[PDB]
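K.L.:
Residue numbers (the entry's author numbering): -7 to 385. Every residue, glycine too, gets a C-beta built ideally from N, C-alpha and C.
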Ligand SMILES: CC(=O)N[C@@H](Cc1cc(F)cc(F)c1)[C@H](O)[C@H]1C[C@@H](OCC2CCCCC2)CN1
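1) Alpha carbon to alpha carbon, how far is residue 244 from residue 321? Give it in angstroms, no decimals.
2) Buried or exposed: which applies to residue 312, given that a residue is buried once 16 or more other Cβ atoms fall within 10 Å of its Cβ?
3) What alpha helix (DSSP H) runs, 4 residues minimum, are completely inside the stretch 249 to 310?
4) Opposite residue 226 in the DSSP bridges: which residues?
5) From the DSSP secondary-structure annotation, give me the bridge partner or partners of residue 369.
6) Starting from residue 157, follow the alpha helix (DSSP H) in both directions and report where the run begins and ends.
7) Here's the rule: buried if 16 or more other CB atoms are within 10 angstroms of the residue's CB, otherwise exposed. What is residue 115?
8) How many angstroms separate the CA atom of residue 130 from the CA atom of residue 357?
9) Three-state secondary structure (DSSP) at residue 319?
10) Report the partner residues of residue 153 according to the DSSP bridge assignment.
11) Tell me which residue opens and which closes the beta strand (DSSP E) that residue 31 is part of.
12) Between the stretch 358 to 373 and the stretch 250 to 257, are three or more C-beta pairs nearer than 8 Å?
13) Short of 6 Å in beta carbon distance, which residues of its chain neighbour residue 260, apart from the five on each side in sequence? Order them along the chain.
14) Looking at the secondary structure, which residues open and close the beta strand (DSSP E) in which residue 163 lies?
15) Hey, is residue 46 close to ligand 1, as in C-beta under 7 Å from one of its heavy atoms?
16) Taking the DSSP output, what are the residues bridged to residue 68?
17) How close, in whole Å, do the beta carbons of residue 39 and residue 103 come, if the pair is a contact with beta carbons under 8 Å?
18) Could you tell me the alpha carbon to alpha carbon distance between residue 105 and residue 46, rounded to whole angstroms?
19) So, helix, strand or coil for residue 220, using DSSP?
20) If you draw a straight line from the alpha carbon of residue 165 to that of residue -4, how long is it in whole angstroms?
21) Have a look at residue 154 and residue 66 and give me their C-alpha separation to the nearest angstrom.
22) Which one or two residues does DSSP pair with residue 211 in a beta bridge?
23) Going by alpha carbons, who is nearest to residue 238 out of 31, 223, 96?
24) Let me know the secondary structure DSSP gives residue 243 once reduced to three states.
25) If I follow the unbroken beta strand (DSSP E) through residue 95, where does it start and stop?
26) In this structure, does DSSP put residue 379 in helix, strand or coil?
27) Can you check whether the CB of residue 352 is closer than 8 Å to the CB of residue 170?
28) Please confirm whether any heavy atom of ligand 1 lies closer than 7 Å to the CB of residue 108.
29) Measure the Cβ-Cβ separation of residue 36 and residue 127 and say whether it is below 8 Å.
30) Below 8 Å on the Cβ atoms is my guess for residue 176 versus residue 146; work out the distance and round it to an integer in Å.
31) Give the DSSP-derived three-state secondary structure of residue 124 in the structure shown.
32) Would you check if the distance between the CB atom of residue 33 and the CB atom of residue 354 is smaller than 8 Å?
33) Please find out if some non-hydrogen atom of ligand 1 comes closer than 7 Å to the beta-carbon of residue 30.
34) Please indicate yes or no: does the CB of residue 178 lie closer than 7 Å to some heavy atom of ligand 1?
35) By alpha-carbon positions, which one of 57, 2, 23, 11 ends up nearest to residue 17?
36) What residue range does the alpha helix (DSSP H) around residue 38 cover?
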């Protein structure tokens, strides 16, 4: 059958890009104050700029909201990239291109920050979509999505289609372009092709999953599967890269270098610091390998795999000389806090965060970037044994 799209009001409600984040429009307070908010499945606090900042064009003004409630408590959140400090309160919140509901939610009003806001990102806050376990100050601060589900009839699920352009976008182009969809309360069948395959959420804190095998162009990386999930593996729209545990990163880059060895790239490229450029239209996608991550299935002893292309893990960037060349940075990097399946990997797929059934679904995205010879893929099943042993304790 033809796939129908039943969530038209929410399709195309995101803007942004992998490097600076994808955001959704929200309103806070009464009368409504419109703010653009970063969608972050890797944290659990809803927070907004609430004081002037050189990178903010607007911010939440609590004194102008008749529905604001002061919780008289400070909050601090330290992320990988940056950090902020603020003041807790609650207020009425809505998503204009979302469900037609208004809920009272916890809001951290950011008063101080460091390396948090991004110049020209066009967002002024963050929506942490993960679970209360990782909320600051503690798990008693109910996250936004929990409030939404408790106060309304919205089903306990959301899905994300992050759309990478495959070329650079300046601030103006981001403003005028659609960056994807966040479907709150459902799955929109127009956003993917093929089947949805589900992996269990191991524990409800981050959106933690278990990787059981890694291949580079079909070649098994052949590491003990616990290495892939040391000390966790998470699905995170708030991180740009695919980040891998140090040892896995070292093995994967050695394999990616070997597969792409018809061209030599500088160390700075592989360290994700330096861009590489090709003459317009000549990027040699075919010399770079595909990367497959096998994920634990819902059926005992079954796994499935998701496969990405270099069009996902090579992130388009503007040249230092703004020429006609096509330039990119390598968007796979090392981590000391486990695997992070960031935005550049989520760009290949429509990802379903099925909280009700404690599982994450993946399907090939209808907006993934590819070429005439290869596409991203989601395939299965594979008979995989002792998959629970892949989890790190
Ligand atoms: C690059 C990075 O830090 N991304 C942030 C969002 C983000 C985006 C951005 F543009 C600027 C930022 F400062 C932050 C994500 O949350 C990452 C961070 C890491 O979780 C940390 C814990 C710390 C304890 C509370 C829960 C979160 C995994 N998910």
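P.N.:
If we stick to the structure as given:
1) Here residue 321 corresponds to residue number 329 of the chain shown, with the count starting at 1. Here residue 244 corresponds to residue number 252 of the chain shown, with the count starting at 1. Going from the Cα of residue 321 to the Cα of residue 244 covers about 16 Å.
2) Within the chain shown, numbered from 1, the residue matching residue 312 stands at position 320. Exposed, by the Cβ-count rule.
3) 259 to 262, 302 to 305
4) The residue labelled residue 226 in the question sits at position 234 within the chain shown. Looking at the DSSP assignment, residue 226 forms a beta bridge with 200, 332.
5) Start at 1 with the first residue of the chain shown, and residue 369 comes out as number 377. Its beta-bridge partners are 299.
6) Within the chain shown, the letter at position 165 stands for residue 157. Counting along the chain, residue 157 falls outside any alpha helix (DSSP H), and DSSP gives it neither H nor E.
7) Counting from 1 along the chain shown, the entry for residue 115 is found at position 123. Looking at its Cβ environment, which holds 16 or more other Cβ atoms inside 10 Å, residue 115 is buried.
8) Here residue 130 refers to the residue found at position 138 of the chain shown. Here residue 357 refers to the residue found at position 365 of the chain shown. Cα to Cα, residue 130 sits roughly 35 Å from residue 357.
9) Counted from its first residue, the chain shown places residue 319 at position 327. Here residue 319 sits in strand by DSSP.
10) Here residue 153 refers to the residue found at position 161 of the chain shown. Residue 153 is bridged to 173, 342.
11) Position 39 of the chain shown, counted from the start, is the residue given in the question as residue 31. First-last of the beta strand (DSSP E) with residue 31: 25 to 32.
12) no
13) Residue numbering aside, residue 260 sits at position 268 when the chain shown is read from its first letter. So the qualifying residues of the chain are 266.
14) Against the chain shown, residue 163 aligns to sequence position 171. From DSSP, residue 163 is part of no beta strand (DSSP E) but of the alpha helix (DSSP H) over 163 to 168.
15) As a first step, residue 46 must be located in the chain shown, where it is residue number 54. Checking every heavy atom of ligand 1 against the Cβ of residue 46, none is found closer than 7 Å.
16) Position 76 of the chain shown, counting from 1, holds the residue named residue 68. In the DSSP output, where bridge partners are listed per residue, residue 68 has 77.
17) Here residue 39 refers to the residue found at position 47 when the chain shown is read from its first residue. Here residue 103 refers to the residue found at position 111 when the chain shown is read from its first residue. Incorrect: roughly 11 Å between the Cβ atoms, too far for contact.
18) Here residue 105 corresponds to residue number 113 of the chain shown, with the count starting at 1. Here residue 46 corresponds to residue number 54 of the chain shown, with the count starting at 1. C-alpha separation (whole angstroms): 11 Å.
19) Start at 1 with the first residue of the chain shown, and residue 220 comes out as number 228. Helix.
20) As a first step, residue 165 must be located in the chain shown, where it is residue number 173. As a first step, residue -4 must be located in the chain shown, where it is residue number 4. For residue 165 and residue -4, the distance between alpha carbons rounds to 29 Å.
21) For the purposes of this step, residue 154 is identified with residue 162 of the chain shown, where counting begins at 1. For the purposes of this step, residue 66 is identified with residue 74 of the chain shown, where counting begins at 1. C-alpha separation (whole angstroms): 33 Å.
22) Along the chain shown, one-based indexing puts residue 211 at 219. In the DSSP output, where bridge partners are listed per residue, residue 211 has 208.
23) Here residue 238 is taken as the residue at index 246 of the chain shown, counted from 1. The option with the nearest alpha carbon to residue 238 is 223.
24) Taking the first residue of the chain shown as 1, we reach residue 243 at position 251. If DSSP states are grouped into helix, strand and coil, residue 243 belongs with the helices.
25) For the purposes of this step, residue 95 is taken as residue 103 along the chain shown, with counting starting at 1. Looking at the DSSP string, the run of the beta strand (DSSP E) that includes residue 95 is 94 to 106.
26) In the chain shown, the residue the question calls residue 379 occupies position 387. Note: residue 379 maps to helix in three-state DSSP.
27) Residue numbering aside, residue 170 sits at position 178 when the chain shown is read from its first letter. Residue numbering aside, residue 352 sits at position 360 when the chain shown is read from its first letter. Not a contact, by the Cβ cut-off of 8 Å.
28) As a first step, residue 108 is located in the chain shown; it is residue number 116 there, counting from the start. Flag set: Cβ of residue 108 near ligand 1.
29) Position 44 of the chain shown, counting from 1, holds the residue named residue 36. Position 135 of the chain shown, counting from 1, holds the residue named residue 127. Yes.
30) Your numbering for residue 176 matches position 184 in the chain shown. Your numbering for residue 146 matches position 154 in the chain shown. The Cβ separation is near 6 Å, so the contact holds.
31) Position 132 of the chain shown, counting from 1, holds the residue named residue 124. Residue state, collapsed to three classes: helix.
32) Taking the chain shown and counting its residues from 1, the one referred to as residue 33 is at position 41. Taking the chain shown and counting its residues from 1, the one referred to as residue 354 is at position 362. In this structure, residue 354 does not lie closer than 8 Å to residue 33 by Cβ.
33) The residue you call residue 30 lines up with position 38 of the chain shown. Yes, Cβ of residue 30 sits closer than 7 Å to a heavy atom of ligand 1.
34) For this step, residue 178 is matched to residue 186 along the chain shown. False, no ligand heavy atom lies under 7 Å from that Cβ.
35) Here residue 17 refers to the residue found at position 25 of the chain shown. Cα-wise, what sits closest to residue 17 is 2.
36) Position 46 of the chain shown holds residue 38. Counting along the chain, residue 38 falls outside any alpha helix (DSSP H), though it belongs to the beta strand (DSSP E) covering 38 to 41.
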